[PDB]
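Report on one structure; see the data block that follows.
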Amino acid sequence: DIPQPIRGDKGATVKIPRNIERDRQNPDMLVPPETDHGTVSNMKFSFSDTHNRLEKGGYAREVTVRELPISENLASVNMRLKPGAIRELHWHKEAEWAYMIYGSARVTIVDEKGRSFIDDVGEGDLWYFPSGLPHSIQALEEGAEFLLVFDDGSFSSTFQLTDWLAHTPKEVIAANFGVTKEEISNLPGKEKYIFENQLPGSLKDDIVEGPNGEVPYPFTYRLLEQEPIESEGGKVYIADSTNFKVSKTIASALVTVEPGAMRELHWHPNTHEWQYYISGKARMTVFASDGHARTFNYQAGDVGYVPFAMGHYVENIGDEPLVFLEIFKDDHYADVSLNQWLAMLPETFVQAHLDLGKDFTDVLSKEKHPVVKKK
Amino acid sequence: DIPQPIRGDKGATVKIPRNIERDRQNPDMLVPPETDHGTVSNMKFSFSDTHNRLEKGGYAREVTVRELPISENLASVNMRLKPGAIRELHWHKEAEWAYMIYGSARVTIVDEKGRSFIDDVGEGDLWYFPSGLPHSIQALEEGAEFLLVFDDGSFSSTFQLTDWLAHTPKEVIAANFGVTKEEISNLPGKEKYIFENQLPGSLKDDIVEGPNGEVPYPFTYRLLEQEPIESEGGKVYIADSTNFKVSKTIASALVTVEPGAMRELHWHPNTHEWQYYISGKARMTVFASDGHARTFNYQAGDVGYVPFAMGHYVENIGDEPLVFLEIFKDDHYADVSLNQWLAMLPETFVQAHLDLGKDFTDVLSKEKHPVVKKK
Amino acid sequence: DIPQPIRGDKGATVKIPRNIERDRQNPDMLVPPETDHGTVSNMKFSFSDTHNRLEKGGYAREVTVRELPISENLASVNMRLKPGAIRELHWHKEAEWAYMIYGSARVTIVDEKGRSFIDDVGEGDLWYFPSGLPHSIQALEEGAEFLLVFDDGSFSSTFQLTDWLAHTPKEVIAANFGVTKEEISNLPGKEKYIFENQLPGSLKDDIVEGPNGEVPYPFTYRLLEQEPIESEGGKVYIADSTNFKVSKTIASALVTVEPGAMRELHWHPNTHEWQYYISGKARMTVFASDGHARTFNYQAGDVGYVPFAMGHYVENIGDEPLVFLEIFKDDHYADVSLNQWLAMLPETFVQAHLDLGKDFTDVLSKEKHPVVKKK
Amino acid sequence: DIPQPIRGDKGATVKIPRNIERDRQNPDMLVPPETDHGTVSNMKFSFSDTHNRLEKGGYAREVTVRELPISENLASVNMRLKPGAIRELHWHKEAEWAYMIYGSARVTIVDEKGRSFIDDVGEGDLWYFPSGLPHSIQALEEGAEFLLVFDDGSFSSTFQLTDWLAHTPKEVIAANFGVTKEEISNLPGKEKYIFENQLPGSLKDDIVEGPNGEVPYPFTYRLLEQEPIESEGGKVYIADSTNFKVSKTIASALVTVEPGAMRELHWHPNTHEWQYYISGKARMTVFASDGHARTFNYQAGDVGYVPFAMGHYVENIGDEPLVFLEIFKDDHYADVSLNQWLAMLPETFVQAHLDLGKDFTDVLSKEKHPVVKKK
Amino acid sequence: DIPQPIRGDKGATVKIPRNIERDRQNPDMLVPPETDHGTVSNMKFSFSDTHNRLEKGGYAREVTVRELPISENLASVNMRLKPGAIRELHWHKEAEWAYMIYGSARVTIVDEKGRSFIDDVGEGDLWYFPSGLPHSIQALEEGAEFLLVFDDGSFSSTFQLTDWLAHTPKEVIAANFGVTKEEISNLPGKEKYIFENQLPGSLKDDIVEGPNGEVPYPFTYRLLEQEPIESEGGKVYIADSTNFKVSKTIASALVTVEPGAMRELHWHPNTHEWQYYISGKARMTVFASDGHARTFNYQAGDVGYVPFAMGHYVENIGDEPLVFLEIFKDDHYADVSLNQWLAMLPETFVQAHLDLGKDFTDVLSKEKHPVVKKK
Ligand SMILES: [Cl-]
Ligand SMILES: [Cl-]
Ligand SMILES: [Cl-]
Ligand SMILES: [Cl-]
Ligand SMILES: [Cl-]
Ligand SMILES: [Mn+2]
Ligand SMILES: [Mn+2]
Ligand SMILES: [Mn+2]
Ligand SMILES: [Mn+2]
Ligand SMILES: [Mn+2]
Ligand SMILES: [Mn+2]
Ligand SMILES: [Mn+2]
Ligand SMILES: [Mn+2]
Ligand SMILES: [Mn+2]
Ligand SMILES: [Mn+2]
């Protein structure tokens with residue numbers, strides 16, 4: 001049907017030409033809760049509203065501070081590789097965190113002591129590459145599609161192996177390696193970035209031994225192999241520097257919310273939250289203090305954000321599971337639950353605040369249930 | 001059908017959950033021209049992706065620098081009023097320009113010499129209110145829906161008459177007017193902002209005479225009553241400070257592009273362009289120098305932007321007329337046409353640049369045709 | 001009498017209308033030391049020159065970067081609560097440090113693991129609440145008046161429990177707790193902030209047990225129960241992260257200077273100093289390098305500041321004890337004493353600098369005496 | 001010989017490896033005047049210390065805010081073209097001012113009304129291109145070497161005709177001009193920037209007539225054909241918006257100072273001065289207030305700067321004429337002469353300031369002599 | 001001879017007056033590698049292009065962000081002291097690192113616990129003074145010349161002992177020490193900064209004992225007494241916080257490159273590199289990503305810079321050893337070698353990137369050789 005911005009005796013029909021498909025995606029923005037108030041920055045952006053860079057072997061598109069200006073500290077790329085296709089050997093200033101949504105890939109990294117790590121990553125697995133350490137990605141037989149998160153919102157360029165070489169004098173490259181200019185005459189004249197290639201062999205045949213030893217901590221993590229926090233309406237899997245040891249600047253949670261359930265009312269006492277919606281449909285109200293609150297809708301492909309310590313919840317508003325990531329630029333994950341907070345205070349003190357009685361304080365739980373199901 | 005980000009042997013199918021409706025709206029973003037290159041800021045945002053403020057009497061939603069960070073100098077509100085409904089008497093730091101898309105409204109303004117101007121505005125008419133001059137809007141019998149543009153991208157609050165009074169000591173208000181506190185006890189305790197009211201009478205019965213004379217220049221302009229620049233594929237109506245005399249800080253063009261036509265390749269030598277798409281479907285490539293270019297799609301409800309002097313065109317990609325506004329924070333409208341530029345140079349000099357011959361330079365026109373039709 | 005800005009043959013009588021009471025408070029500003037020189041930022045502001053927010057149950061007033069722009073990293077609130085009155089359950093981005101000047105209060109805090117801490121605080125006691133951890137204050141039978149310091153100078157709003165709830169959809173609150181909308185219909189429609197309430201019972205009856213254990217470190221500290229550094233002219237009590245373990249971002253000293261005594265010539269090698277004058281009258285010269293120095297006067301109710309590493313002293317210029325706080329945004333307190341510095345160098349090297357002899361270097365002490373008494 | 005940083009009993013021999021050739025170029029920096037004092041920003045940079053971009057047809061090198069950070073508002077390019085060589089048709093945000101040091105060139109410009117201007121420029125002639133108006137340069141039979149000044153210090157890229165076309169979809173270019181894609185298949189795939197070409201014919205055969213009329217004001221100026229201000233030690237030729245009418249944002253003076261002469265003590269009351277040293281050797285002291293002053297040396301190829309209203313002089317310290325440009329981002333040239341200032345005051349008032357008598361005030365001149373010769 | 005900016009069929013002779021001596025110093029800037037491309041900030045500045053502050057006892061000159069704006073985090077002073085001459089007792093906000101290029105000096109430092117450290121430093125030795133800790137330098141019988149590096153690029157003033165005292169009221173100084181105003185009447189009226197003095201006695205006779213114990217870590221380091229990393233073409237000596245324990249904010253390497261050798265292709269994965277060229281002649285290309293690269297020349301007296309993670313090499317282009325320092329604002333030194341990186345990957349994966357075969361991958365070394373010699 002044709003939604004209208006009308007809530008009781010407020011609002012009016014739209015009389016100008018309009019985008020009905022977007023209005024249908026944003027029911028809580030066309031018709032917000034009457035409890036929303038005040039100016040709040042935009043906290044929502046879709047990867048579908050970005051330019052897609054197409055290459056022989058896949059694609060990449062990005063959501064940065066140039067698209068979502070509230071997110072100054074975190075930026076993201078949605079990258080797709082065809083079977084065997086390679087994301088060229090490269091490095092950058094930013095640390096990189098990744099979640100494998102579809103397929104599988106082989107990654108390489110070499111550290112500043114010349115120690116190498118090569119591993120395969122499947123659906124639900126993570127990687128984290130510390131700032132400036134060079135790495136590559138190669139999709140295996142299914143291809144691969146993954147979300148990358150960088151710990152600077154201004155992320156724009158990366159340093160590519162073949163770009164460096166194409167911009168270094170040939171006589172210097174030749175001197176660097178002890179070869180003649182003729183022996184390196186076939187070097188590419190420009191970057192590859194993403195390129196097609198044959199499927200690699202078995203992981204065990206790729207492992208490179210060297211004089212400098214094994215890396216002290218792995219750069220990949222099997223998130224979905226861990227035991228989640230399970231509550232009535234869903235599951236939360238947390239990876240931060242306490243369990244995924246190398247992941248110093250990114251803390252993460254994968255949240256699944258069943259139909260009829262919600263990520264409970266909470267905030268993060270440490271830093272801003274950046275969100276990616278893998279599947280399903282949500283709404284979230286962000287409470288910004290001083291009587292300011294604004295509700296946003298999200299679905300698969302959307303990036304969201306919750307500035308440091310703002311109150312929020314994430315409600316599944318669809319008939320399928322809602323699956324999303326909560327990402328923090330910090331060495332740990334932390335939340336304060338509204339329910340648990342109030343449960344741990346004297347009941348008459350809580351009653352004095354809320355103008356409610358024992359029938360309310362009796363429902364509070366001292367145990368944290370990150371995802372709750374509607375009764 | 002199901003679009004895919006594939007262009008020849010580049011790109012791949014989407015393997016993750018996705019937003020198919022948005023992908024269908026953005027065909028030149030999911031599959032950009034092969035001529036696009038490099039990092040370019042986002043130049044596109046939809047009013048449908050904003051929170052709608054609903055009141056008794058209408059609604060308002062906004063696109064500001066908090067949504068579209070490239071647009072630091074210009075922000076916009078889409079406001080709707082029901083019949084008789086009033087946008088409360090108010091003022092702000094920003095100058096305000098307006099285009100009436102639907103219906104009609106009565107406006108009031110009083111200047112710094114105490115001179116008043118009251119007028120009715122219909123579809124295709126403009127207003128402009130200089131910074132800090134207080135004004136109101138009241139929809140007539142059809143109601144009204146209009147686009148407001150403010151000459152600061154950070155636009156967020158306005159000063160409302162009843163809010164000022166509600167935050168002034170009652171004894172001061174009473175002293176200001178020579179009345180008792182009892183005589184003003186019924187003042188509202190909070191702002192109205194938008195409120196329902198009876199239809200006003202005839203314009204002529206509202207005109208207020210005073211000791212200070214007539215305003216020197218009218219604050220409204222009948223844009224669509226002017227003679228447009230007519231070219232093969234469409235029409236352009238320009239209002240800037242040379243014709244709409246009070247409009248010192250906003251220059252504007254309403255452009256109509258027939259199906260199969262395009263706003264020609266051009267740039268603006270004076271300042272940034274802010275766009276609103278009233279109806280139809282477009283694509284535009286923004287050329288940013290140094291080999292950077294990015295293509296965007298637009299449709300009804302979208303805001304666009306073209307930073308100062310960047311090369312661009314606007315192509316109708318639908319079967320209905322494309323109608324949009326070009327807005328500039330300047331005292332005049334100016335463009336340089338690629339066609340006219342090259343037509344006014346020696347033909348062999350142009351040939352030396354383009355590696356093309358007389359058969360090309362023969363097609364160039366010394367006359368500017370802002371909108372061209374495909375052959 | 002009537003002070004005049006005259007120092008020997010410099011200065012002149014004031015010939016315009018003037019503020020004689022303020023001139024009397026600022027004798028070293030109306031008539032500075034002849035050793036002052038150059039442009040130095042303002043380092044002084046009075047709480048009496050701020051707006052006082054009055055509520056049922058007390059008041060609060062603040063000195064922020066909007067009042068004292070040199071203090072970009074630290075801001076402060078002077079808050080007063082009547083007996084039993086409650087500062088509403090709330091949180092904020094900033095860490096909070098506090099000094100109880102008058103009376104006593106009960107505080108609550110619940111951490112990110114759901115562990116609670118409830119304690120009573122009396123005169124001379126501190127609290128510290130880490131960023132984002134929710135807390136409350138309730139005055140006991142004497143009421144309470146305390147100084148709060150926040151580790152951001154831009155401090156302006158806090159997140160209040162009842163404000164969050166008033167801006168969350170009722171259906172979401174009901175879903176969050178497993179109750180009906182009817183059971184929460186009496187929730188307040190706006191924040192309380194400060195509110196009157198009955199005196200609480202004994203502390204031991206308020207302690208809440210829970211499944212998550214005791215907090216690892218207490219959030220309160222009995223500063224005046226510690227052994228001070230005692231020197232001839234006064235006492236210094238230091239609390240930083242080395243003794244008050246949770247106090248990671250605020251280091252503090254309470255200094256008492258007897259009449260005729262002075263906080264010695266020193267600087268802080270770690271960070272800026274923020275000052276609050278609890279009682280008495282002072283002057284301080286701030287030495288800013290490159291021959292710049294400016295003298296300021298302070299008395300009860302004043303905030304002062306000393307930018308990172310600037311040389312200074314604090315002289316009691318009255319007949320009662322001078323009592324003030326030195327606050328640092330750091331994990332430790334550190335000072336370098338001019339006396340001790342020179343005492344620890346070879347005497348002829350010091351003599352070569354100062355153009356003075358053994359009779360001077362003989363007075364230097366290798367032991368640090370933070371507060372010295374005039375002979 | 002080997003200069004040393006020694007001035008009387010101050011300074012010492014250099015004991016580390018050093019750059020003797022640069023020390024010889026900077027005698028007043030290795031051994032400054034004893035009257036210099038305090039921290040002053042760098043006001044000097046050489047084009048020889050910049051990367052030279054070499055192309056088929058010439059070269060270009062630049063001094064921007066990235067080289068000389070004091071100069072935030074003005075940047076410069078030294079460009080050289082071989083005979084017939086073309087600086088490709090282009091535009092940019094910045095206004096452009098130029099001085100032809102060597103040879104001659106033909107310029108084209110087309111304005112926003114489609115009016116064209118084509119002219120030849122020889123040694124000592126200027127051009128000025130308003131922001132965003134497209135233009136080209138083509139060297140004639142001698143080739144050409146010129147200094148360009150842009151009215152933004154951040155100047156980095158320009159919009160090139162063939163770059164725009166190479167980044168526009170071929171179907172759009174074809175639609176724009178009413179030609180087929182096949183007819184434009186030979187368009188260059190990348191920019192030309194600077195390219196070789198045959199010498200053009202006579203100027204009169206290039207003039208393009210059109211329907212839109214003559215430009216109202218010429219874009220070139222014959223500076224050295226004007227009557228200079230002639231004083232005892234040299235000559236000054238001024239071009240600003242009062243005589244070179246289009247030159248709205250750049251005011252300029254070409255100064256020649258004979259051996260033994262100096263540009264007198266003066267300042268500019270309007271804005272910052274940017275300098276280019278065409279030939280000879282200079283020193284200048286910049287007086288920055290508050291007892292700060294620093295002396296710099298300049299020679300051919302150097303850029304200098306004098307921030308707004310700072311006191312200065314320019315002394316010829318060589319045996320050939322010193323020739324330099326003074327450039328201002330303003331609509332006029334203005335200076336205050338120290339001599340003329342004091343000459344226009346009562347002599348006893350001047351004597352009271354300087355502690356000198358009639359024998360000094362008797363030498364002052366009420367007439368301004370910008371360049372004075374040593375007696 | 002007379003160099004010209006000509007590379008094959010690109011470039012042209014210089015036709016304007018020019019700086020031939022600087023052009024001869026910058027052969028790779030007048031004629032860059034054809035592989036250079038795009039806008040890159042200036043990464044080079046000479047101490048010879050700075051004002052030299054001359055005093056009785058020596059000199060000091062500086063390169064700060066005001067000279068080299070890319071270097072926002074690090075600034076440097078070249079200071080020279082005559083025999084016995086003293087750099088006055090002082091402190092500052094910035095941490096200070098030093099390298100003794102010529103001669104020897106005695107340093108003093110007293111920490112925040114009143115512990116003193118006095119030591120002699122010779123050629124090749126370092127010091128590091130933590131922020132705000134007061135210190136002095138006194139040259140011994142050879143005099144001294146050293147490079148100081150400060151961990152803020154805005155470095156401008158320091159706090160001097162005698163300046164502090166000259167700007168403190170005499171009555172306060174007298175009260176601080178328990179002396180009369182008459183006993184301190186001979187204090188200097190202004191700073192000394194650098195001053196002549198008799199040679200000190202033996203180090204052992206200067207050591208000051210005190211009640212507070214020995215400093216836990218020494219403030220000097222004998223860099224050239226350590227075992228260097230020795231490779232075919234040179235030597236690298238590293239001092240960071242892992243070996244020079246107090247040096248928390250500065251990591252450093254002294255690199256020696258024999259004629260015909262080069263510091264290999266590498267980057268730093270942690271932070272920006274600041275360079276000082278002690279002796280010899282170099283070129284370096286900085287690779288900035290996205291196809292941007294620019295080559296710079298350096299010789300004795302030059303400061304260089306390499307922004308975080310940019311690719312680079314340093315080639316000796318002279319007939320003597322090239323000796324330079326690499327400085328980082330970090331707690332450790334780290335590099336990634338291009339050679340070692342590729343050696344630690346599967347050979348066919350490397351071949352797939354570079355379009356080269358086994359004859360290339362066979363030359364790669366798993367061991368890092370920071371300095372390589374040409375074959
Ligand atoms: Cl990437
Ligand atoms: Cl409005
Ligand atoms: Cl508060
Ligand atoms: Cl150019
Ligand atoms: Cl120094
Ligand atoms: Mn990466
Ligand atoms: Mn969350
Ligand atoms: Mn308005
Ligand atoms: Mn346009
Ligand atoms: Mn608080
Ligand atoms: Mn202090
Ligand atoms: Mn140009
Ligand atoms: Mn001048
Ligand atoms: Mn120092
Ligand atoms: Mn390096």
Side-chain angles (χ1 to χ4, degrees), chain A residues 43 236 238 251-253 255 257 262-275 282 284 286-287 304-314 324-328 333-338 370-371, chain B residues 60 75-77 79 87-98 107-109 127-137 146 148-151 155 157-161 193-194 219, chain C residues 60 75-77 79 87-98 107-109 127-137 146 148-151 155 157-161 193-194 219:
Chain A
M43 300 305 172
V236 182
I238 300 165
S252 65
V255 184
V257 177
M262 64 176 285
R263 178 81 176 80
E264 76 168 342
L265 284 162
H266 71 288
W267 73 90
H268 302 286
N270 59 332
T271 188
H272 315 285
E273 177 178 323
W274 183 99
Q275 307 176 328
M284 165 171 74
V286 174
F287 169 62
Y305 203 82
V306 186
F308 179 16
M310 294 193 176
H312 59 291
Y313 66 88
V314 191
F324 67 94
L325 289 168
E326 305 173 332
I327 305 300
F328 309 84
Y333 178 92
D335 70 339
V336 178
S337 161
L338 175 58
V371 186
Chain B
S76 179
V77 170
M79 182 167 283
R87 175 62 178 99
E88 174 178 5
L89 281 162
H90 72 278
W91 73 101
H92 32 67
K93 296 190 299 303
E94 300 86 356
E96 170 178 326
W97 181 95
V107 295
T108 78
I109 185 167
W127 69 72
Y128 180 93
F129 301 148
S131 54
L133 297 184
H135 54 272
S136 67
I137 311 157
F146 43 96
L148 299 172
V149 181
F150 303 95
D151 71 353
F155 176 86
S157 61
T158 65
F159 299 87
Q160 263 72 256
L161 171 58
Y193 182 79
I194 290 171
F219 296 94
Chain C
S76 179
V77 170
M79 182 167 283
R87 175 62 178 99
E88 174 178 5
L89 281 162
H90 72 278
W91 73 101
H92 32 67
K93 296 190 299 303
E94 300 86 356
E96 170 178 326
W97 181 95
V107 295
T108 78
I109 185 167
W127 69 72
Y128 180 93
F129 301 148
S131 54
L133 297 184
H135 54 272
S136 67
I137 311 157
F146 43 96
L148 299 172
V149 181
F150 303 95
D151 71 353
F155 176 86
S157 61
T158 65
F159 299 87
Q160 263 72 256
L161 171 58
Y193 182 79
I194 290 171
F219 296 94

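Numbering of ligands and ligand atoms starts at 1, following listing order. Chain letters run A, B, ... following the sequence lines, proteins first, then strands; residues in each count from 1. Computation of the quantities below employed the complete heavy-atom set of this structure, encompassing side-chain atoms and omitting hydrogens, waters and symmetry-equivalent molecules.
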Of all N, O or S atoms in A:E273, the one closest to the Mn ion (ligand 7) is OE1
Value for NZ (B:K93) from OG1 (B:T158), rounded to nearest 0.5 Å, stands at 10.0 Å
Note: NE2(A:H268)-the Mn ion (ligand 7)-NE2(A:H266) angle, rounded to 10 degrees, equals 90°
In B:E96, the N/O/S atom nearest the Mn ion (ligand 8) carries the name OE1
| field | Note, B:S131 side chain near B:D151 side chain (heavy atom, < 4.5 Å) | value | no
Among N, O or S atoms, B:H90 approaches the Mn ion (ligand 8) most closely through NE2
To the nearest 0.5 Å, atom CH2 of B:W97 lies from atom CG of B:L148 at 9.5 Å
_Which label fits B:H135 and B:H90: parallel for a plane angle under 30°, tilted from 30 to 60°, or perpendicular past 60°?_
perpendicular
Output field for angle at the Mn ion (ligand 10), C:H92.NE2 vs C:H135.NE2, rounded to 10°, should show 90°
Exercise for review: Classify the ring geometry between C:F159 and A:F287 as parallel (under 30°), tilted (30 to 60°) or perpendicular (over 60°).
Suggested key: perpendicular
